[PDB]
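Letter by letter, the chains look like this.
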Amino acid sequence: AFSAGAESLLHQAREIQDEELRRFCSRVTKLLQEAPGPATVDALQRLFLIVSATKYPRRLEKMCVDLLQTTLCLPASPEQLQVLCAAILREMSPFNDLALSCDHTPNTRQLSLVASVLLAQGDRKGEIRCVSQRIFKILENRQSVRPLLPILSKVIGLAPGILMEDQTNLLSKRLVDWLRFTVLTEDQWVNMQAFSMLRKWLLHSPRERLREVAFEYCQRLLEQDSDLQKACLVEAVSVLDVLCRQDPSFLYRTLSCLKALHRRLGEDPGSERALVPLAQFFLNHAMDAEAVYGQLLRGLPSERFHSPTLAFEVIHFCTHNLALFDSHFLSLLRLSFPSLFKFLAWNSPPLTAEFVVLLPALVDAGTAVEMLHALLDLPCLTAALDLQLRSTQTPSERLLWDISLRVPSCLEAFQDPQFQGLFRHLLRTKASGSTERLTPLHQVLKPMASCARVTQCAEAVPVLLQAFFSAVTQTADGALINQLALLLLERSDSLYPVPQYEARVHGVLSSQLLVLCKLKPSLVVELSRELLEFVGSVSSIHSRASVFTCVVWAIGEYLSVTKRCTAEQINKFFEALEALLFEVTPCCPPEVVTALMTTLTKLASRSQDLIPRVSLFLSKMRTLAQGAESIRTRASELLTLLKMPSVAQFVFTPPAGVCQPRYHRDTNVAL
Amino acid sequence: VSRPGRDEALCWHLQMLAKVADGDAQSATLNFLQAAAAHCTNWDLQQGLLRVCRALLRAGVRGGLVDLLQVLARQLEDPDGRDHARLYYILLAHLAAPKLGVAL
Amino acid sequence: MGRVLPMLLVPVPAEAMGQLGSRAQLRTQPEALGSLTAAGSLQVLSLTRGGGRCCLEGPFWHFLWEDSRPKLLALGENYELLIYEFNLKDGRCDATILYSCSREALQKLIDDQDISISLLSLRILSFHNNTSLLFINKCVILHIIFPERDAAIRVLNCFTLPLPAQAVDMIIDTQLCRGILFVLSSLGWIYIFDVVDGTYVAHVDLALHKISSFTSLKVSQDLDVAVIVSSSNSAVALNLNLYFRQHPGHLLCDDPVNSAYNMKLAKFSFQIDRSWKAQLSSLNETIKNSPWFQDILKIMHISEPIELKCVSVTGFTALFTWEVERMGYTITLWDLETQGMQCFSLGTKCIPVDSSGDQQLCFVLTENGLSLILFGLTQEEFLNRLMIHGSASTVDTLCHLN
Amino acid sequence: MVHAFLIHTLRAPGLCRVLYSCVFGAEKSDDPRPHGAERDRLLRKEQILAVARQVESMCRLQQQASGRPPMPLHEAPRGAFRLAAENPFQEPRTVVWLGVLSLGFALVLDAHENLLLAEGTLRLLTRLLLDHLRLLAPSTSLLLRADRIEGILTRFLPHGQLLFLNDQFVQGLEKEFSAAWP
């Protein structure tokens, strides 16, 4: 594992002295030219450790480098030393002093070592072309060729065309002859390599016999022995999709193959991962919206949300082909979002940096009024799934779950008929109509709302909220604006008490209701009753200590005289504000006092009579005042600056262009 | 103003900045305040900052502040601080020198 | 809706306007209004009461008041440069001549810098802090200095244009804007040099911006936007930063261990601290968020102005002057950021007065006299802003004067 | 594809420093500064170190929020991720891991490679490294004996490519490598 001796060896390899390095190079010189025995390996290992574990370059004495290169060029060296030297020259790269050559060793395994040495350089000196040409020339004779095929594959990975058309067709015919048994001799030995890079070969780059044997060999990796079977099904489907891409007629063939597979692929547990490539093939060439795509979107995540790699595959298919999404597919992915949220509840770390892209890609017209609640009840979704695991598992296999926390109260509450329908809505696979507040279920799930997984899911809700709002703040109309305002006014203090959750939803929702109000100034005007009740309640400032500032500031500023406004609304709002200020003066913070002073004094300078009311009451509040200092000082800006009416009439209702940095330098050009 | 303004002690810097700002060293103070604008997430610092701007107001500095106050009003977090900046920017931009001391 | 806001903060009768020249320039403070008569006499109408006129006679064809952002300096027909001081104390239009320079001395000073060219033409570029920049022979940017104690005019710098004589003699405008001396050649290039060192700090391809004959170019006071007005009543304005970057070919201007290597691996550069808690901040920032002179330390066509000399150009606005005998004076205002124009037609007895200072509002000398033309300000709004700024006396004055 | 195979330490619920970082290829690279060695080496090192840190984060978070025997073939933590361009790769790639004890071996594989094959191959390789080398006490056998790792990968993982080895073919490779070392 991790021994302090290992750490000491690494530290010594990193911080070897320059003089000690020169001495070691001299020892290598006197020890490699000599009879290379066990001392050879016992020094080469230390050389590899001291070169590998150093990020900064280690250009030691040249003699060692030429000795290593020549040893690679020296055929009498054993396999161990040759491999270690090849690693030496494939790790010390890239150097501009490449004294090596591409035709210096006849042995095919040594040729592989030389290729590994060469390819780790880069195109700084036209190297890759030279290595590819040399490999082709060395393979031009009888080959075998099986050992060097991986070098070919990696080269085409890094260089797509340098394999000339004649060379490319030579490789094609070689692979076709090399196709042929199956997993379920030298011939099969080359068959394994032929299968092991088929998809990359097709992507980067007899033929009747090829269609007869090798073209069906893609499915023969699966169709034409348990874990490798799973590892090979995905390869078969991916190769089929590659054939669809390179051949349009193969799309129908692969679709038919998937439809035939749907007999078991949709009914064989432990094989659910093979549908993700099937879903990708259907998207690039749409599957069953009810059965196949239905399971992919909402069926799978409600049964197998505890596999951290399956969830990555599903959501990555969702976010990697959103560009090629269709209208029906858009409706489907817009339908099952509460179930897709199960993965974010269970497998958040590898899927949230992915929902951040997905969320603006399934926004509908009216789902926002429920989607905000779906985002709001996500930690409770995780807790409900945890209870679902605890109450359905045979004790033998139960390791694939969490049954290691406070069971009894929550399990009893699961069977309590008081909560037999709300859980069936939180854990729902669909959202086709808004549900009730999760306060009862929140009191149910007190014991578990501090799980590790629930705490995981709680940290991906703020960013998803920001994505959703930024996708709707630019896609909103009047009904949506009013609905969202009411939604926040409700959910202000109606959240699941998962630690450090409401402190973030509060911030996002408040600072984005600000964004809505700046999108439409008349929000405070059309929202007389709700805002009036909210400000008039002390409990609003006693439980929403950081959202109250926003609403009182908006009311104080957006009571603007300049067609649904009436003169008495200002007086009614002033009555609510006066009552709140009298009553008030987590309780109201030193911010609510100053914002209340601001709202009162800036709302009574739009009313002719209310200026004397200020002089009687807001002047009294200043005098009593004469974060407390800010409370005392703030009101001056509409007591002293509203005593004079002409100046105060216009500043508090400024035009549309006080923000841009050049809109007024000409307005003092009238003298 | 020597520090760029990325510290966590900004809530303690802005208090001195407000208690000392005048019309002597303009550009350095404006640069420091502009840098600090991005490091204000809580209401306390967002009021110390406009305390600085009000101190400049009282001092009488005119040019460039039409942009410092503008940027503060346009790029803060709490609405109350932004409205504070709007009012004080209007007061400096539209008042003669004595009337600001008599009507602000 | 850009008709006028034509105020008037001091009167001047048409008796003097029948004696003044066709073009004039005003100090930032109300120090004078000097205008050039076609007879060579320099008339100065002191608009600092009654406003008598002062006359300065000579073969003068170029002058410029002391623009300290009046001390008039002028060069005669014999390339002799003079400096005469006019004092506006108590309305006495009295002037005195302080400093004079002869052509022989100018040629001597030019030759003493090892310049084997005889002075054939001297065009002014600036006059600040008693230091004058002159593009001598259209090729040598000689920065004279007329210092105290009657010290002789010695060129504290003299750098020949780092260009061939093919285009060196075709220069037009010599504009000093905070040290970035620009010399415009009529063929369509602007060799931005630095008066401090003389280097060709940059070069601007006016041709690549696509007429010809660039008559004049205006530089914003922040070296931010430049508008060049040719002789064909065409003005084009493009941003220095964008016009140097978007065509950069013409511009000649464990924790740490991987992080500093990201600072030196420059093929790419990581963004590395690769957790699964600080990778959400990146998504939040991407969703939320989704110059040229630093190294050198539409189109206006009124469907023909005689001298389309823009008065001043700011960061977001541009004000120009156009005078025509047939209809009068047409004053133009262009918004750099908003791309809007406001052109107003005035009477046939009115000439501009270049406010060589900070107040870049077109102060047109009309029949009654001083007139500061603004845009968008109503009389009620203007007087209300004065009252919200001061006492009612100023409002009464500005309402009564018209 | 497979850009690299890794052996790196995994912390317990000290930086994660790769004990063995085999990079199976290079990247095209041009700066006006002449093509150096410090720059390319530091880039190809910091990329792999960043992948190691990301796998450490995934493994740790999987450990707390799994509940499956907190603190064995199919009983070890497993998962997958996706990287970020310019932080620090050019072409974005998936990352596959399988952590045992405190030795999390990773694979940086291109999006055109089989995930299930990647997990199966990483499982077989980590079995082979736990048994053939037997570093379950003398951890120095992993750094001073890097030649054993070099031999194992050079036999089973030729040039960043995964093979569909089965019982007969694994028998062939077992006949190949078993006696090559004592």
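As recorded in the entry header, the structure was determined using cryo-EM to a resolution of 3.26 Å.

If you tally the helices and strands in chain C, you get 8 helices and 27 strands. Dimensions of chain C along its principal axes, counting C-alpha atoms only, are 80 × 65 × 45 Å.

A few words on the overall build of chain A. Along the backbone of chain A there are 39 helices and 0 strands. Over its C-alpha trace chain A gives a radius of gyration of 36 Å, far above what one expects of a compact globule, namely 26 Å for 671 residues. Projected onto its principal axes, the C-alpha coordinates of chain A cover approximately 105 × 65 × 60 Å.

A few words on the sheet that holds strand β11 (residues 140-143) of chain C. Residues and elements named next belong to chain C. Spatially, β9-β10-β11-β12 is the arrangement adopted by the 4 strands of the open sheet, whose pairing is antiparallel. A strand with exactly one partner marks an edge of an open sheet, and here the two such strands are β9 (122-128) and β12 (157-160). Here the average twist between neighbouring strands, direction ignored, is 15°. In the sheet, β9 pairs with strand β10 (residues 131-136) via 6 bridges, with the strands oriented antiparallel. Residue pairing across strands places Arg123 opposite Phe135, the latter belonging to β10.

Below, the discussion takes up the interface of chain D and chain A. Taken together, the contact pairs 60 residues of chain D with 66 residues of chain A. At the level of secondary structure, the elements contributing two or more residues to the side of chain D that touches chain A comprise α1 (38-64), β3 (78-82), α2 (115-133), α3 (146-156) and α4 (167-177) of chain D. Per-element tally for the side of chain D that touches chain A: the top contributor is α1(D), with 10 residues. Of the residues assigned to the side of chain D that touches chain A, the class counts are 29 nonpolar, 19 polar and 12 charged.

With 12 residues of chain B at the interface, the matching set in chain A holds 17 residues. At the level of secondary structure, the elements contributing two or more residues to the side of chain B that touches chain A comprise α4 (65-74) and α5 (79-94) of chain B. The greatest single-element share of the side of chain B that touches chain A, amounting to 7 residues, is contributed by α5(B). In terms of residue class, the side of chain B that touches chain A is built from 5 nonpolar, 2 polar and 5 charged.

Bringing the packing of helix α13 (residues 227-246) of chain A against helix α14 (residues 249-261) of chain A into the picture now. All names here are of chain A. Contact geometry of α13 with α14 gives a least axis separation of 6 Å together with a crossing angle of 150°. The orientation of α13 relative to α14 falls into the category roughly antiparallel. For the element pair α13 and α14, the recorded crossing hand is left-handed. Note on element contacts: α14 touches α13 through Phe250, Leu251 and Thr254, opposite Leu240, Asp241, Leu243 and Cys244. Of the residues that constitute the contact of α13 with α14, the class distribution is 5 nonpolar, 1 polar and 1 charged.

Once that is clear, we can look at the sheet that holds strand β15 (residues 189-192) of chain C. Strand order in the open sheet made by the 4 strands is β13-β14-β15-β16 (chain C), with antiparallel pairing throughout. Edge positions in the open sheet fall to β13 (171-175) and β16 (204-205) of chain C, since each of these has one partner strand only.

Now for the packing of aromatic side chains. Considering the side-chain rings of A:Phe305 and A:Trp346, the 4.5 Å spacing of their centres and the 70° angle between planes classify their relative orientation as edge-to-face. Within this pair, whereas A:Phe305 is found in the loop between α16 (292-299) and α17 (308-320), its partner A:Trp346 is found in helix α19 (residues 337-346), the two being separated by 41 residues in sequence. Ring-pair connections join several aromatic residues into one group, and the members of that group are A:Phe337, A:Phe341 and A:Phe355. A cation over a ring is seen here: D:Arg93 above D:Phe89, with NZ or CZ 4.0 Å from the ring centre.

Looking at the element boundaries, A:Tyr56 is found in the loop between α3 (38-52) and α4 (62-72). As for A:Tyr56 and A:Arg14, which are separated by 42 residues in sequence, their C-alpha atoms are 9.6 Å apart. Excluding residues that lie within four positions of it along the chain, A:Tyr56 makes contacts with D:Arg41 and D:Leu42.

This brings us to the pairing of strand β2 (residues 33-36) of chain C. It is a general feature of regular strands that their side chains alternate between the two faces of the sheet. Residues and elements named next belong to chain C. With 3 bridges joining them, strand β1 (residues 24-27) and β2 adopt antiparallel strand pairing. Its bridge partner lying in β2, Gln25 is registered against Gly34. Taking the residues between adjacent antiparallel strands as the criterion, β1 and β2 are bridged by 5 residues. Here β2 hands over to strand β3 (residues 42-45) after 5 residues, with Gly40 in that stretch at a positive phi of 90°.

This part takes up the packing of α4(B) against α5(B). Residue and element names in this part refer to chain B. Closest axis-to-axis distance for the α4/α5 pair is 8 Å, and the angle between their directions is 160°. Taken together, the axes of α4 and α5 are roughly antiparallel relative to one another. As for the relative orientation of α4 and α5, their crossing is left-handed in sense. Between α4 and α5, the residues in contact are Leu65, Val66, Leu69, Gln70, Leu72, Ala73 and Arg74 and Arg82, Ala85, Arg86, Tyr89 and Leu92, respectively.

With that out of the way, let us pick up the environment of A:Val117. Residues and elements named next belong to chain A. Here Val117 lies in helix α6 (residues 108-119). Sequence separation between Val117 and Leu72 is 45 residues; the distance between their C-alpha atoms is 9.8 Å. When sequence neighbours within four positions are dropped, the list of residues in contact with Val117 reads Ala86, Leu89, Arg90 and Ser93.

So, on to the pattern of salt bridges. Residues and elements named next belong to chain A. Close ionic contact of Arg46 with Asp42 constitutes a salt bridge, the shortest N to O distance being 3.2 Å. Note that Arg46 and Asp42 are positioned in helix α3 at a spacing of 4 residues, about one turn of the helix. Measuring nitrogen to oxygen at the nearest pair gives 3.3 Å for the salt bridge that ties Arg390 to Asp386. You can see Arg390 and its partner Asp386 sitting in helix α22 (residues 378-390), 4 residues apart, about one turn around the helix.

With that settled, the discussion passes to the environment of A:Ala368. Tracing the sequence through the fold places A:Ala368 in helix α21 (residues 368-376). For A:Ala368 and A:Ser391, which are 23 residues apart along the polypeptide, the C-alpha to C-alpha distance reads 33 Å.

In this chain, A:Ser93 is followed by A:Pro94 through a cis amide linkage whose omega measures 0°. Structurally, A:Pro94 can be placed in the loop between α5 (79-91) and α6. Here D:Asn87 and D:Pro88 are connected by a cis peptide whose omega angle stands at -10°. Counting through the fold element by element, D:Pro88 comes out in strand β5 (residues 88-89). Even without being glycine, C:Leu223 reaches a positive phi, approximately 55°. Considering the arrangement of structural elements, one finds C:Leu223 in the loop between β17 (216-219) and β18 (225-229). Of note, D:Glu86 is a non-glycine position whose phi angle comes to about 65°, a positive value. Assignment of secondary structure puts D:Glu86 in the loop between β4 (84-85) and β5.

What counts, and at which threshold
The residue numbers shown here are sequential, starting from 1 for each chain in the order of its written sequence. They can differ from the numbering used in the entry, and residues that have no coordinates are not displayed. Working convention: letters from A go to chains and numbers from 1 go to ligands, in the order in which they are written. Working note: chains shown belong to a larger assembly, and all values are for the shown part only. Here the side-chain values reflect all heavy atoms present in the structure, with hydrogen atoms and water set aside. Residues with missing side-chain atoms are left out of burial classes, side-chain pairs and their counts. Secondary structure follows DSSP: runs of H or I at least 4 residues long count as helices, runs of E at least 2 residues long count as strands, and numbering of each begins at the N terminus. Put simply, the radius of gyration uses C-alpha atoms, and a globule should come to 2.2 Å times the residue count raised to 0.38. The pairing criterion for strands is at least two bridges between them, as found by DSSP. To get an axis, a line is fitted to the C-alpha atoms, and for a helix only the part in contact is used. The angle between two axes follows their N-to-C directions and goes from 0 to 180 degrees. Any two residues whose heavy atoms approach within 4.5 Å at even a single point are treated as in contact. Each residue is assigned to one class: nonpolar for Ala, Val, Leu, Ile, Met, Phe, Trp, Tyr, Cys and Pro, charged for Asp, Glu, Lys and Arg, and polar for all the others, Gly among them. If an angle is under 35 degrees, it is roughly parallel; if it is over 145, roughly antiparallel; if it lies from 65 to 115, roughly perpendicular; otherwise it is oblique. Put simply, a crossing is left-handed when the front helix is turned counterclockwise from the back one by less than a right angle, and right-handed when it is turned clockwise. Under the pairing criterion, centres of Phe, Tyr and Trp rings, with the six-membered ring standing for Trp, must be within 6.5 Å; the plane angle then separates stacked pairs below 30 degrees from edge-to-face pairs above 60, leaving the rest tilted. In this analysis the charged atom, NZ for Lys or CZ for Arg, is taken to sit over a ring once it is within 6 Å of the ring centre and within 35 degrees of the ring normal. One speaks of a salt bridge when a side-chain nitrogen belonging to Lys or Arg is within 4 Å of a carboxyl oxygen belonging to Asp or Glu.

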